[PDB]
Amino acid sequence: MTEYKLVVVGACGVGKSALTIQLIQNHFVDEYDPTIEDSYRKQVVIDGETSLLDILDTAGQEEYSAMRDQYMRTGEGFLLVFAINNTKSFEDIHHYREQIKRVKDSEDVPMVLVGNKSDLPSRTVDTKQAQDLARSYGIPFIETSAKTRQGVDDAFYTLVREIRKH
Ligand SMILES: *CCC(=O)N1CC(NC(=O)Cn2cc(C(=O)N3CCc4c(cccc4OC)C3)c3cc(Br)ccc32)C1
Ligand SMILES: Nc1nc2c(ncn2[C@@H]2O[C@H](COP(=O)(O)OP(=O)(O)O)[C@@H](O)[C@H]2O)c(=O)[nH]1
Ligand SMILES: [Mg+2]
């Protein structure tokens with residue numbers, strides 16, 4: 001029926017792959033490969049509409065440097081992923097959003113802010129900070145854990161709804 005091109009971005013080690021592998025394969029992996037950059041596919045039904053998801057898991061490992069802008073330009077929605085124990089990954093978020101906007105040539109682009117690794121005890125970024133950042137952009141914030149699967153389906157499903165709103 002419908003095809004949705006999703007892109008998962010965020011700093012190294014936040015859990016972009018872990019989140020993607022959980023959605024499509026329903027398991028958490030003991031050793032991930034940080035170099036792999038590939039598109040993955042998930043079929044879902046949202047609002048009585050079959051949806052095929054073409055999920056691009058970015059890792060900074062493009063064949064050619066020109067593919068960065070092709071990823072953005074061809075992507076319909078973007079998952080802005082940071083880790084709740086990594087302050088630097090949270091601060092990177094505003095850099096990712098501006099570049100997406102810039103190369104897309106648009107102010108309204110479907111995005112969801114995702115705070116991953118909620119299961120961890122040591123946290124440096126609070127929900128309020130992330131919610132205030134998400135509100136300032138006018139997008140939802142969903143807290144996730146790829147380890148427990150908490151909020152993982154809600155993250156991607158909410159992004160598909162945001163794309164339908166565009
Ligand atoms: C563990 C490996 C992994 O998953 N990694 C390494 C990280 N590399 C990237 O995310 C590369 N990348 C950067 C952008 C991007 O548009 N910006 C990066 C941060 C930044 C920007 C502007 C000004 C200053 C900045 O940093 C201070 C914008 C990317 C976009 C896309 Br669609 C893919 C990769 C990518 C992830
Ligand atoms: N505790 C916990 N660890 C995670 C979670 N997601 C990813 N990780 C770990 O963080 C590391 C990086 O995950 P990965 O998906 O490779 O990050 P990526 O580089 O953004 O794709 C791995 O060692 C994972 O085990 C999570 O939700 N909870
Ligand atoms: Mg990865």
Side-chain angles (χ1 to χ4, degrees), residues 4-42 53-63 65-127 130 133 136-137 139 141-159 162-163:
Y4 291 98
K5 273 180 180 175
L6 315 184
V7 186
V8 183
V9 302
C12 195
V14 299
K16 296 182 290 299
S17 297
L19 283 165
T20 306
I21 301 308
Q22 259 290 3
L23 182 73
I24 69 169
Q25 219 61 43
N26 296 260
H27 282 112
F28 183 67
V29 176
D30 297 341
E31 198 82 342
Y32 294 93
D33 196 311
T35 67
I36 291 166
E37 183 170 299
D38 188 23
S39 72
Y40 300 86
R41 280 144 255 95
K42 177 73 180 173
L53 308 181
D54 192 1
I55 302 159
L56 189 53
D57 177 28
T58 61
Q61 298 292 144
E62 297 80 1
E63 299 182 76
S65 296
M67 275 169 53
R68 270 231 227 290
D69 289 354
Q70 178 260 332
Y71 287 170
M72 298 188 172
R73 286 187 267 92
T74 61
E76 289 171 282
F78 296 78
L79 214 75
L80 306 178
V81 184
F82 75 95
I84 60 121
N85 65 338
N86 186 325
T87 282
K88 137 85 175 171
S89 67
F90 178 65
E91 292 171 15
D92 285 355
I93 291 297
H94 74 274
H95 296 301
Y96 283 104
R97 177 170 167 83
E98 296 310 314
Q99 259 309 97
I100 291 157
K101 281 180 149 179
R102 195 173 281 112
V103 308
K104 291 282 284 179
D105 186 46
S106 175
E107 284 62 62
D108 188 8
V109 182
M111 302 184 198
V112 168
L113 179 65
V114 176
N116 197 35
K117 313 198 188 188
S118 65
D119 60 288
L120 290 178
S122 64
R123 93 183 276 142
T124 57
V125 186
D126 294 329
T127 38
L133 183 62
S136 84
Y137 296 145
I139 59 170
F141 170 68
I142 303 164
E143 200 172 61
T144 65
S145 173
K147 189 169 175 190
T148 72
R149 205 164 206 271
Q150 221 162 341
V152 174
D153 300 74
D154 186 33
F156 289 88
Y157 275 65
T158 303
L159 179 53
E162 292 289 307
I163 292 163

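Indexing begins at 1, ligand by ligand and atom by atom, following the structure's order. Residues take their numbers from the sequence shown, with the count starting at 1.
The proximity of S145 to ligand 2, defined as any non-hydrogen pair under 4.0 Å, involves the side chain as well as the backbone.
Here the side chain of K117 pairs no donor or acceptor atom with the backbone of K147 at under 3.5 angstrom.
Near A18, with a cut-off below 4.0 Å to any heavy atom, the atoms of ligand 2 are 6 (N), 7 (C), 15 (O). Each of the following atoms of ligand 2 lies closer than 4.0 Å to a heavy atom of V14: 17 (O), 20 (O). Listed by atom number, the atoms of ligand 2 under 4.0 Å from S17 heavy atoms are 15 (O), 21 (O). Here is the list of ligand 2 atoms found below 4.0 Å of a heavy atom in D119: 1 (N), 2 (C), 26 (C), 27 (O), 28 (N). Listed by number with element, the atoms of ligand 2 under 4.0 Å from a non-hydrogen atom of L120 are 1 (N). Atoms of ligand 2 found under 4.0 Å from any heavy atom of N116, numbered from 1 in the order shown, are 5 (C), 6 (N), 27 (O).
Residue contacts with ligand 2: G13 is included, with a non-hydrogen atom under 4.0 Å away.
Protein heavy atom at the shortest distance from atom 17 (O) of ligand 2 is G15 N, 3.2 Å. Of the protein's heavy atoms, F28 CZ, 3.6 Å lies nearest to atom 25 (O) of ligand 2. The single protein non-hydrogen atom nearest to atom 27 (O) of ligand 2 is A146 N, 2.8 Å, given as residue, atom name and distance.
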Can you give me a line-by-line list of nitrogen or oxygen pairs between ligand 1 and the protein shorter than 3.5 Å?
{"from": "ligand 1", "atom 1": "4 (O)", "to": "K16", "atom 2": "NZ", "distance (Å)": "3.0"}
{"from": "ligand 1", "atom 1": "10 (O)", "to": "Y96", "atom 2": "OH", "distance (Å)": "2.6"}

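Only protein N, O or S atoms were considered, and those under 2.8 Å from the Mg ion (ligand 3) are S17 OG.
Selection from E37, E31, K117 by nearest heavy atom to atom 4 (C) of ligand 2 gives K117.
Inside a 4.0 Å radius of atom 23 (O) of ligand 2 there is not any protein heavy atom.
Rounding to the nearest 0.5 Å gives a distance of 5.0 Å between CD1 of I55 and CG of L23.
For the residue pair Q99 / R102, a side-chain donor-acceptor distance below 3.5 Å is found, with atom types taken as modelled. Looking only at atom types and distance, the side chain of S106 has no donor-acceptor partner in the side chain of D108 under 3.5 Å away.
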